[PDB]
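**Q** Right, I'll just put the structure down here and ask away after.
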Amino acid sequence: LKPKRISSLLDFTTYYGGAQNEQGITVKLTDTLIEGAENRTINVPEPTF
Amino acid sequence: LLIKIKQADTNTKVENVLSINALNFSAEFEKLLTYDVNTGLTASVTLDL
């Protein structure tokens, strides 16, 4: 609880750091066959949390 | 179906098998002659358009 005067974004990450890593990301992979041809689907939805 | 079999030769032999036996190509020949393959000549004329 001490006020401190900084001057740039590089001064901030020295004393305070960065953001928090997100915990709500999911990745889905699906392999399919469509009349003998391969199809790959990648699905990353936007996180709700 | 004739155009499709000439492009399908680039990758898969199953593509050249799925069409001519399981899918539409074996079924379309039956409507003029259903079981003509019983002999060398067209016999057993079950269906004749």
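Every residue, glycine as well, gets a Cβ built from its backbone with ideal geometry; the counts of neighbours run over all protein chains shown. Readers should treat all values here as calculations from the given coordinates under stated rules, not as data from a laboratory.
**Q** May I ask you to verify whether A:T13 is more than 30 Å from B:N11 (Cβ to Cβ), touching a residue at least 24 places away in the same chain (Cβ under 8 Å) and out of contact with any helix residue (DSSP H, G or I) (no Cβ under 9 Å at 6 or more places or on another chain)?
**A** no
**Q** Here are some residues: B:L32, B:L41. Which one is touching a residue at least 12 places away in the same chain (Cβ under 8 Å) and surrounded by fewer than 13 Cβ atoms within 10 Å (Cβ to Cβ)?
**A** It is B:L32.
**Q** Determine whether A:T13 is β-branched (V, I, T) and either touching a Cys at 6+ places or on another chain (Cβ under 9 Å) or loosely packed, with under 10 Cβ neighbours inside 10 Å (or both).
**A** Spelling it out, it is not the case that A:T13 is β-branched (V, I, T) and either touching a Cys at 6+ places or on another chain (Cβ under 9 Å) or loosely packed, with under 10 Cβ neighbours inside 10 Å (or both).
**Q** Do we have any residue at all in segment A:18-32 that's assigned to a loop (DSSP other than H, G, I, E, B), surrounded by 10 or more Cβ atoms within 10 Å (Cβ to Cβ) and more than 22 Å from the chain's Cα centre (by Cα)?
**A** No, segment A:18-32 contains no residue that is assigned to a loop (DSSP other than H, G, I, E, B), surrounded by 10 or more Cβ atoms within 10 Å (Cβ to Cβ) and more than 22 Å from the chain's Cα centre (by Cα).
**Q** Where residues in segment B:1-45 are among the basic types (K, R) and in a helix (DSSP H, G or I), which of them is farthest from the other protein chains (Cβ to nearest Cβ)?
**A** Among them, the one singled out is B:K31.
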